[PDB]
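Residue numbers (the entry's author numbering), protein chains in the order written: chain C, 371 to 419; chain A, 107 to 258; chain J, 107 to 258.
A virtual CB, placed ideally from N, CA and C, is assigned to each residue, including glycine.
Data first, discussion second: the structure below is written as structure tokens.
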């Protein structure tokens, strides 16, 4: 049970940190007037342009 | 309307402003409260931490008569709600203390009306005060707060 | 002025408005019932679902009946079949709320004679209306829409 809970929590912490890194990365593009959202669209939620 | 203010009113009284530019209702995240207008409240305002901005996308047909953003700044005299700002050498100043301690969302634009920056506040230094601003320009956003200029 | 814009008729009703420039017959792909002019309609046209465009190849006997064009978009305000158009910040608007469904196909001009935009659909907002056109850029041609449209 200990190795199962540590596998669960390690995966969860990795995913949490990865998504907050992505969220920090995307932020200065939603703020500015004038959308550019360059060639890195592969991880992007900014659809309409 | 031409004054973008759309007063951010809290507990009935007011606490600052917010502007509407291009496609975006931006609120300075330094200010607490909601705006006076009714239908501009059901939006998913995204929160930037290291520099205060609370942007959100405009909804459909929401009278998009906003100001025009030109990501460039020649030096000289620009327009401001209380007067005329002087821009020289990257420094950005006005008369000291004439600005109130609560004009907290007032933008700046040229003679024509091309808005570029937004404001955060001032301090007391001399006859010319340093205007701490976050600003949208150079196809991104950034913050220039000097030393010693506490927020309005 | 008058530069031979060609309607699509069916059953007595005309909405589809093809245009033809240079070598290519550019038609919006709505409202089928291909054009009255059978000497110009017997041509197998190529259809593109991404750009909603029809790309028939003109007959050589129509060598003279077209316009000139451009692959750059200068800045300012222009004319069209109804009124004025204002193109600034990289996007179009139409003069003050006059458009109706079925006008998809008129071209947009410059102050000296060329032709840039072909209009498919548009977005109602209030004072200054928005519209989606296909336009040129140095043989790499795309589509651009505003958000909040109904196809015309």
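Residue i at chain J interface by Cβ criterion, 8 Å
| i | result |
| --- | --- |
| residue 166(A) | yes |
| residue 174(A) | yes |
| residue 260(A) | Nothing can be reported for residue 260(A): it is not among the residues displayed for chain A, which extend from 107 to 258. |
| residue 171(A) | yes |
Interface flag, residue i vs chain A, CB-CB below 8 Å
| i | result |
| --- | --- |
| residue 410(C) | no |
| residue 135(J) | no |
| residue 231(J) | yes |
| residue 406(C) | yes |
| residue 400(C) | yes |
| residue 189(J) | no |
| residue 254(J) | yes |
| residue 195(J) | yes |
Cβ shell of residue i (< 8 Å), same chain only, five flanking positions each side left out
| i | result |
| --- | --- |
| residue 157(A) | 240, 247, 248 and 249 |
| residue 141(J) | 112, 113, 114, 115, 122, 124 and 147 |
| residue 415(C) | 396 |
| residue 399(C) | 405, 406, 407 and 416 |
| residue 197(J) | 236, 250 and 252 |
Sequence-distant residues of the same chain with beta carbon closer than 7 Å to residue i, five excluded per side
| i | result |
| --- | --- |
| residue 207(J) | 258 |
| residue 128(J) | 172 and 175 |
| residue 202(J) | 233 and 234 |
| residue 135(J) | 153, 158, 159 and 160 |
| residue 217(A) | 185 |
| residue 178(J) | none |
| residue 77(A) | Given a span of 107 to 258 for chain A in the structure shown, any question on residue 77(A) remains unanswerable. |
| residue 137(J) | 114, 121 and 122 |
| residue 380(C) | none |
| residue 231(A) | 202 |
Supposed close pair residue i, residue j - CB separation, criterion 8 Å
| i | j | result |
| --- | --- | --- |
| residue 151(A) | residue 133(A) | 7 Å |
| residue 243(A) | residue 222(A) | 6 Å |
| residue 406(C) | residue 245(A) | 6 Å |
| residue 110(A) | residue 180(A) | Going by Cβ atoms, the distance from residue 110(A) to residue 180(A) rounds to 22 Å, so no, they are not a contact pair. |
| residue 409(C) | residue 392(C) | So it is not a contact: roughly 16 Å between Cβ atoms. |
DSSP beta-bridge partners of residue i
| i | result |
| --- | --- |
| residue 236(J) | 229(J) |
| residue 250(A) | 239(A) |
| residue 159(J) | 134(J) and 154(J) |
| residue 170(A) | Partner(s): none; residue 170(A) has no beta bridge. |
| residue 409(C) | Answer by DSSP bridge pairing: none, since residue 409(C) is not bridged. |
| residue 213(J) | 224(J) |
Residue-level contact to chain C via CB, residue i, 8 Å cutoff
| i | result |
| --- | --- |
| residue 159(A) | yes |
| residue 219(A) | no |
| residue 127(A) | yes |
| residue 245(A) | yes |
| residue 150(A) | no |
| residue 154(A) | yes |
| residue 258(A) | no |
| residue 130(A) | yes |
| residue 104(A) | Outside the modelled stretch of chain A, which goes from 107 to 258, sits residue 104(A), for which no answer is possible. |
Interface residues of chain D facing residue i [CB-CB closer than 9 Å]
| i | result |
| --- | --- |
| residue 216(A) | The structure shown has no chain D; the protein chains it does contain are C, A and J. |
Cβ shell of residue i (< 6 Å), same chain only, five flanking positions each side left out
| i | result |
| --- | --- |
| residue 220(J) | 174, 175 and 176 |
| residue 139(A) | 114, 116 and 121 |
| residue 149(J) | 162 |
Does the count of Cβ pairs from the segment 179-189 of chain J and the segment 161-169 of chain J closer than 8 Å reach three? no
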